[PDB]
Amino acid sequence: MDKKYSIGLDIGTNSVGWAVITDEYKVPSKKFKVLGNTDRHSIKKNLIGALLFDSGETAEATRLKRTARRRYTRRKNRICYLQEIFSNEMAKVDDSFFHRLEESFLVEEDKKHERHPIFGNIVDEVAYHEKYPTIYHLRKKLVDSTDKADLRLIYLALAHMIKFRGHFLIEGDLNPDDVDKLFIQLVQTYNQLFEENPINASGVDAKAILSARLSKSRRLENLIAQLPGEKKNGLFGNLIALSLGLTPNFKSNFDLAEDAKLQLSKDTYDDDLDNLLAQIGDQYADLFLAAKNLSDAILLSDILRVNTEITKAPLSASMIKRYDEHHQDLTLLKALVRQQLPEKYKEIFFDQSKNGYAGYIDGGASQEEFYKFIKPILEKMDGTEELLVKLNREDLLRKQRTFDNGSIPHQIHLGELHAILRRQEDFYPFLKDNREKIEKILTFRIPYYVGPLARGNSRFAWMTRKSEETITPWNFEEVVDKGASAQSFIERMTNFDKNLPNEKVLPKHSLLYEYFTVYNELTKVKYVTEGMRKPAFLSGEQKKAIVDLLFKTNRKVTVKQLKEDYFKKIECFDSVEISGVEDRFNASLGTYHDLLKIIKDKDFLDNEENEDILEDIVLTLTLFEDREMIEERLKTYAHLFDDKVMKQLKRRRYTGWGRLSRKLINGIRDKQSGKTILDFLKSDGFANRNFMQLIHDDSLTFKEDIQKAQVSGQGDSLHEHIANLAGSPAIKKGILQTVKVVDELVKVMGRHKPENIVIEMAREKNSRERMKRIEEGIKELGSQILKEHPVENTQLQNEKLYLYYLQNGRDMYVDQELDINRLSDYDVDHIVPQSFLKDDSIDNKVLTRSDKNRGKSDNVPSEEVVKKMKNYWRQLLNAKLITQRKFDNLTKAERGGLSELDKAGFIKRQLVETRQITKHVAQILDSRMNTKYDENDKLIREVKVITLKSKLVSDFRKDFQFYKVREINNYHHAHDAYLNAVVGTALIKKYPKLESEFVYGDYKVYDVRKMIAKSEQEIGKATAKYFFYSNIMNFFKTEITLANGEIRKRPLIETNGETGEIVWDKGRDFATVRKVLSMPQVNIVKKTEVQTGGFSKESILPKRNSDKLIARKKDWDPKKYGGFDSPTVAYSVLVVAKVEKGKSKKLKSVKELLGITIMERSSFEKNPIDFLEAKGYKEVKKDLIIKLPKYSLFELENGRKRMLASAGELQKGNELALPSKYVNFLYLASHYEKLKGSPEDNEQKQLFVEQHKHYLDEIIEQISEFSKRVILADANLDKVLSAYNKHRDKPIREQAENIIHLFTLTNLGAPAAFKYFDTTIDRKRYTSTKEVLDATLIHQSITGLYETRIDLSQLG
RNA sequence: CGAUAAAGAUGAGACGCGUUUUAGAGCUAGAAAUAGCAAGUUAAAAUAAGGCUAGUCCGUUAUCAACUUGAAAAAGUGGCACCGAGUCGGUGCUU
DNA sequence: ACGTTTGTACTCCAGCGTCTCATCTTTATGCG
DNA sequence: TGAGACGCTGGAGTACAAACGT
Ligand SMILES: [Mg+2]
């Protein structure tokens, strides 16, 4: 049989609702066979439900942890390189030194050598630690002591700098220098060179004006303000070049010959400074050197707080100053505390639990916490003025290793390491040869375009090797093919050609592509002759002629008439008849002109044999941005020219990639005539054929393109096609589950395709922005709006008084004040009525002290109220209070009333969705369903895929009182899918000619301007498609209210205009929808998933005696070293075995549920029996092991259901089917103050909800019965009942708003805490999965219709 | 209509902390329990256990009923109408 | 008739900041 | 430029009464 049905879907990020409806909007019921060893053999289920799953995670955290792993590996390798340099000479000094350093973590018992790592004896270690309290004392000593040192100490200093080498954000050289002296020298050079209008901001110390903690822009403003005459571009050119790595252009700020932006801290700075010095003429030379010296001084000013005149290690000397001043402040604070407050001494200096000094040093308190703790003590104390001054400066009792050390670059550490190497090079000859080698160890850094240095066993690697040997920092440039790796870095990410998915895409500035754009805009154009109106075709002679004369002489082409006139200087004139070509051609040769200008010879650019040289040049310029790669690549082309053109074109840069390959432009020869797409675009042969036209058939190019498209595509896979879509991974998971649900539903209904599939995807500072807009409008209008009332952000949510403020305290349609004392005076009126479109947003809403401005169904009346309000709306639109579209709608009556084009726009706004992801999933479903072809090879639409927006179904909820409360249960997903199906199939049945507007596929347009052409005297049963009013859903309502105070009735049974088929019966279909929404059984299924991710919590706990700790390495006992804790269970396994119980060695047979940690998953799957015997179970039944992932469903007595959260915790698995009357009452009561409707409807709802005050007790009884049946939380239920009895004498609105909160006790899933009325009910957790082991295990399919029930009591 | 900008996704290269164990001899009185006092800023190693494919790779993303074939990819497995509805039940035909 | 493991009830806790570079879609916005 | 910080839900420890073996 045909078995007509439809499928509705509600795709979400956490759920997928589905429903099957018949032609009468009924959900069919079916009985399904259940497998397993249970007695149950058939169960009846409705064909409606939802699938719940955890949200998909993006691959960001995994990428960050992978990068961290690579960084740790490379840091360890750096330390290993330094060790293997030092090893040979270290064996002659202390042979066990590196072994003692490696084993320093483990305890004294496990050490193979002495406990003291550095010297190996107690006396020398104590003497060393007394002489150098920190590593920075040793670093400064080794820089400045000019005496032979112990090689251990030299290694310790170099290893400290190599391990923590600082950042690489500043390129080029940097050295220690004051900032004020540098500014004085900059001003000196400025005055010396200019000798006219000298900027002399004397008395204004630039020190700490530029060095202020404010941003570079604010420091620049502070410096420029103190400058007497000089302001902005000019002096701030040099100032901003000092302050930042980017600076304004030297063409205006320094009179340079070209628009070259200045730079700093980059390799491009040297080349651009050379170019700017050449352009200016060396007049600005050394005036930029003074600025660069000031830049270095300003950059180092806040990291090296010590004078450089006494040492070459300012960093270490600054750290020693910090240590010394920490010691002085600590002893002063100790003396002051004991003398003033001896009772607080123990709390401050001994208690690690608080945020005192003991908690700051030995405890977990940070610097900010310590400052916050000790600040009120220092205020309450006297004689601590310098301590407070240091505290507000954040310079009190600081540590050397702090969070703020990230500003130290690598050049400072490199300078200290170089100083030490140069100081200790005489005594150790090996250090002299390895000096450059150790320096290269510190400064080496893998380029971002090279990536991981893999041999081939890596997903993420693209590096190519010039030689097959190990990569070290010293042979990196000799082994790694940097140019090929940099090319592959970009070419692995650029998208392939859509027509042929095998080869790459051509750069967007390529010559062969720009010529394609110009000639594809050429061949379609054909000037109209004067003799005959025939446009003919712009022939190839004029193809070359136009491009050579105009495009090849101007960047942007001339005007339409100007380009003609230019050609008419060589052709017939006074005949300007363009081929409807645009005013100015969109195409532009911009890269050929750049190449001709750089090469300084047009012959090179004109040369067609030299087109490949140009192509490779543009590809090199687009690919690389490091300029060393460009230099290396273009070095091969130096012969074709000279050095000047080489360095002029090396600085050129292009961005962007096209969408065609070279094959699709000049590769495919198009069979007959042997000419490529470009050649057809040159000479169409009096046919004037565009790219789109030519890429079709009749030239055999379409056959080869289709062959490549199908061959390379290979059908891919559904998972693959979903993978390379846009959007979040969570919505990709939702789409995949949706497709699998559709396949299962098709299988369920006798392998019969549905007639229709309805698609809907959930798309779920503006208050502060609205408050700012109200303030700006009040300031612009000069009105005392705040005097009436301030813009309260508490009231910024509510839309009632929005009009009392935005409309200038004046009625919108009436020329008087709005009377803000009475908000009930105003009545919200939609500008374009709801019979036209549901524009409930405030863009259309307006209020006029309830004045009947219009007696017409038009938006406003012609002139009249519109005219009077239009002037004030001109004022409000000037203030932007009235929106542009708002004013357009308000003026539309004086603009001719409501037009047919306007109504067409309203219904296309109500119907069409603009999201591309919805189009993608609709295309996927249509491709999967419609798979048959006709005899002429034409697709036949067995099913239709309808896409709907949320506004339609939401309005269907609000108008017809099918109210949704999310907190009650998960049935609302399935109900949304059912109403999705009902609305979609009613719309396609009642309006068939609008199927091009919301159904996927190539459909006849059926222009709505002819449909919406009905007048006030409605045609009815005609081609007008009942589209005068133009609300697409208005046909659902029995009586359509109008803004003119009239009610237009609509017949009880709706039918199609052309076909005589009943599409909506208002007397039976609403009852059917109500019955379906009141059905107690819908298939809610939680997707069982094996947990993946981290092994455990990342916190490394201190050592305990517990066995819950996890060893951090193989031979690190957690009892001695601490370790990780609280692992994550991948899945639980039900084992049946005999265990060693009792001191009498008894094999007590036991059935247990053991969880498999993610760490142990591979070991368990390699050999489950060996793993279980290792765990402690003897004689395991191998075939009785049941893998139970998370959310595994178990059924118990009285229908109680539990989901497996873990091996030792359960979740609630039941669903509360609250009756429709109670959820409707709860929605109406909770939304008392936010009814958002007509005043009569609001009064009726208030009367209905006041008449059913007893419904609260019934809802409480329902919750109590459901909790006593399946929840089994006695104490929480008693607290809930006591709280409800306590707050009985409360208004209905808050009572129902908190009864809504009460539903989380009975909600499906993990238990959660909730608050009813100032009382918090903590969650009751089922932390014992012992009753599960004798329950019924339910294996569910994706829809849950197919089941397999296993009685676990019978296993064992 | 170009064009910019934001958001999101993906990949690479790097810093600074944080945590853990050890090293930085605690002194005095008391037999000890305990007290009074002195100190404290730093370093080494690890930073998912680990894997082989031994790279200066890889290891937290995606995929996720049960059962029957297949190494895997994957394929295959479950009757329909009507009356009703507290998580689905009952009746009739054929299997 | 105690010890001994198990079942409620409650509390606490969970690695985090920054920078450079590149490639895509998809929306939007001011621009024409 | 502008901070807004938070939940979530499973593990672990602690205290104490009760089902439970000898
Ligand atoms: Mg939903």
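Throughout, protein chains are lettered first and strands after them, A, B, ... in sequence-line order, and every chain is numbered starting at 1. Heavy-atom basis, side chains included; hydrogens, waters and symmetry copies ignored.
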Could you tell me whether a side-chain N or O of [X] sits under 3.5 Å from a main-chain N or O of [Y], the two making a donor and an acceptor?
{"X": "A:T331", "Y": "A:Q328", "result": "no"}
{"X": "A:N1083", "Y": "A:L1345", "result": "no"}
{"X": "A:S1206", "Y": "A:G1208", "result": "yes"}
{"X": "A:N495", "Y": "A:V505", "result": "no"}

Is the shortest side-chain N/O distance from [X] to OP1 or OP2 of [N] below 4.0 Å?
{"X": "A:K163", "N": "B:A45", "result": "yes"}
{"X": "A:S1106", "N": "D:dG13", "result": "yes"}
{"X": "A:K44", "N": "B:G84", "result": "no"}
{"X": "A:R115", "N": "B:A23", "result": "yes"}
{"X": "A:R338", "N": "B:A38", "result": "yes"}
{"X": "A:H160", "N": "B:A43", "result": "yes"}
{"X": "A:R70", "N": "B:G13", "result": "yes"}
{"X": "A:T1092", "N": "B:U61", "result": "yes"}
{"X": "A:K334", "N": "B:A39", "result": "yes"}
{"X": "A:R659", "N": "C:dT25", "result": "yes"}
{"X": "A:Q1081", "N": "B:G89", "result": "no"}
{"X": "A:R74", "N": "B:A14", "result": "yes"}
{"X": "A:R1200", "N": "B:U87", "result": "no"}
{"X": "A:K31", "N": "B:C88", "result": "no"}

Heavy atoms from C-beta onward define the side chain here; which of [options] lies closest to that of [X]?
{"X": "A:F164", "options": "C:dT23, B:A65, B:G16", "value": "B:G16"}
{"X": "A:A726", "options": "B:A46, C:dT26, C:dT11", "value": "C:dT26"}
{"X": "A:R63", "options": "C:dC24, B:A43, B:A12", "value": "B:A12"}

Return the minimal non-hydrogen interatomic distance between A:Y323 and A:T134, and the atom names on each side.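 What the structure gives for the nearest pair is CD1-CG2, 3.7 Å.
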Which atoms form the tightest heavy-atom contact between A:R78 and A:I441, and what is the distance?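 Answer, listing the atom of A:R78 first, then A:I441: CD-O, 3.7 Å.
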Euclidean distance for P, B:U41 against B:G18 (whole angstrom):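 The same atom, P, in both gives a distance of 12 Å.
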Same-atom distance (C1') from B:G8 to B:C58, integer angstrom: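 It works out to 28 Å between them.
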Euclidean distance, atom CZ of residue A:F460 to atom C1' of B:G59 [Å, nearest integer]: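 Going from A:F460 (CZ) to B:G59 (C1'), I get 10 Å.
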Between P on B:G16 and CG on A:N405, what's the gap in Å once rounded to a whole number?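 Distance check: A:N405 CG to B:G16 P gives 8 Å.
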Who does [N] pair with, Watson-Crick or G-U, both distances under 3.5 Å?
{"N": "B:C67", "answer": "none"}
{"N": "C:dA14", "answer": "D:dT9"}
{"N": "C:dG7", "answer": "D:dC16"}

Does A:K1113 or A:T67 map to a spot on RNA chain B nearer the 5' end, using the closest nucleotide for each?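 In this pair, the answer is A:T67.
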Using a 3.5 Å limit on both distances, is B:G50 in a Watson-Crick or G-U wobble pair with B:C88?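 Paired, no.
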Between A:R401 and A:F164, is NZ or CZ placed under 6.0 angstrom from the six-membered ring centre and within 45° of the ring axis?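 Because its charged atom sits under 6.0 Å from the ring centre and within 45° of the axis, A:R401 does stack over A:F164.
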Planes under 30° and centres closer than 5.5 Å, is that true for A:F1095 with the base of B:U60?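 Check failed, A:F1095 does not stack on base of B:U60.
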Applying the 5.5 Å / 30° rule, does A:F168 stack onto the base of C:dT20?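 Not stacked by the 5.5 Å and 30° rule.
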Paired-base groove atoms under 5.0 Å from A:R1112's side-chain heavy atoms: major or minor?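 It is the minor groove that A:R1112 approaches.
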Using a cut-off of 4.0 Å on non-hydrogen atoms, how would the nucleic acid contact of A:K1108 be classed: base, sugar-phosphate, or nothing?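 Here A:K1108 touches the backbone only, sparing every base.
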What's A:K747 touching, base or sugar-phosphate or nothing? Going by heavy atoms closer than 4.0 Å.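 It contacts base atoms.
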Kindly state whether the bases of B:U69 and B:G70 qualify as stacked, with ring centres closer than 5.5 Å and planes tilted less than 30 degrees?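 When the rule is applied to B:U69 and its neighbour B:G70, the answer comes out as yes.
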